[PDB]
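A quick write-up on the structure given underneath.
Don't worry about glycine lacking a Cβ; one is built from the backbone with ideal geometry, like all the others, and counts go over all protein chains shown. What follows draws every value from the coordinates through simple rules; no lab data is involved.
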Amino acid sequence: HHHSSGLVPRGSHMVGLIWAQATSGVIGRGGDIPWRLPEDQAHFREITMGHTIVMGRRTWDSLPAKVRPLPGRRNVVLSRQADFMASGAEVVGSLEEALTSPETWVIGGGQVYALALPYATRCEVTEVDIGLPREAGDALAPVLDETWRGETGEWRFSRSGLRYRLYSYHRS
Ligand SMILES: NC(=O)c1ccc[n+]([C@@H]2O[C@H](COP(=O)([O-])OP(=O)(O)OC[C@H]3O[C@@H](n4cnc5c(N)ncnc54)[C@H](OP(=O)(O)O)[C@@H]3O)[C@@H](O)[C@H]2O)c1
Ligand SMILES: CCc1nc(N)nc(N)c1OCCCOc1ccccc1C[C@H](C(=O)O)C(F)F
Ligand code: NA
């Protein structure tokens with residue numbers, strides 16, 4: 001399949017998704033992420049810093065009030081509620097309104113990844129080797145079809161004592 005370039009022309013609209021999942025596909029439960037890996041936190045910041053980040057309203061809610069908006073990035077929150085407000089950030093009503101920058105990283109959660117996938121050309125995935133089964137109401141990662149080509153890293157070992165690995169996926 002035809003080659004893509006890592007360089008982002010300023011007149012384009014590159015959309016990437018970045019998430020961390022358990023091997024089962026779980027990304028969230030009860031309004032939180034059920035792990036903290038320093039390597040994943042650092043990786044998330046390395047990829048997203050300097051770009052626009054787009055998140056669903058429930059992901060904004062999951063950020064501690066003292067830390068949001070996440071610094072060094074333009075924070076955009078998706079909501080359908082006309083009275084939802086995000087101090088320090090922009091709330092918009094659609095993905096179309098959110099995707100105005102040349103490079104945008106969609107940072108969660110389950111609903112917004114599913115919504116944004118049709119426009120995305122990159123996914124950066126951390127897989128955590130934690131035995132966490134899927135339960136009703138869990139937020140889940142998108143499943144990538146065969147239009148996506150991927151590179152899977154070898155299993156690595158976190159200082160937190162969990163194995164993890166990184167995937168990078170691309171499509172035209
Ligand atoms: N592991 C990770 O990488 C990762 C990353 C981020 C989040 N998470 C976890 O994922 C969970 C949250 O995911 P979630 O799926 O429940 O929610 P979400 O995707 O973060 O947010 C859903 C909300 O976004 C808004 N929304 C959805 N579709 C929209 C559309 N088409 N237009 C406008 N607004 C739209 C709605 O807000 P309104 O209800 O206000 O209308 C909806 O309730 C939490 O557990 C969080 O901790 C995990
Ligand atoms: C690191 C998690 C993650 N990892 C990958 N790979 N992709 C993602 N989209 C992702 O979610 C980013 C959005 C949710 O962030 C939070 C959720 C609850 C509490 C604190 C934070 C802020 C983070 C922290 O300090 O833990 C900070 F590092 F961003
Ligand atoms: Na990742």
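Which trypsin sites (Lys or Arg not before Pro) does the range 1-41 hold that lie in a coil by DSSP with at most 14 other beta carbons within 10 Å?
Details: sites: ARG10, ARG29, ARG36; in loops: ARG10, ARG36.
Filter output for the range 1-41: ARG10, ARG36.
Restricting the count to DSSP beta bridges whose residues both fall in the chain, what percent are antiparallel, rounded to a multiple of 5? Kindly include the intermediate steps, with their values, before the conclusion.
Details: 16 of 38 bridges.
Around 40 percent of the beta bridges assigned by DSSP in the chain are antiparallel ones.
Report the net charge of residues surrounding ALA141, where surrounding means a beta-carbon distance below 11 angstrom and charges are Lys +1, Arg +1, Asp -1, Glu -1. Mind dumping the intermediate values first?
On the way: positive: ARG134; negative: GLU127, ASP138.
Net local charge, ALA141 excluded: -1.
To the nearest Å, what is the center-to-center distance of the range 29-67 and the range 86-106, using C-alpha atoms only?
Answer, in whole Å: 15.
Once you keep just the Cα pairs under 8 angstrom separated by 6 or more residues, what percentage relative contact order results for the chain? Kindly include the intermediate steps, with their values, before the conclusion.
Values: 319 pairs, mean separation 57.0, N = 172.
Relative contact order for the chain comes out at 33 percent.
Under a Cβ-Cβ cut-off of 15 Å, what is the net charge of the residues other than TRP60 that fall near it, where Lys and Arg count +1 and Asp and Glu count -1? Spell out each step's value before the answer.
Working: positive: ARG57, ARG58, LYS66, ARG68, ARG73, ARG74, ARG80; negative: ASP32, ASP61, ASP83, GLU90.
Around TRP60, the surrounding residues sum to +3.
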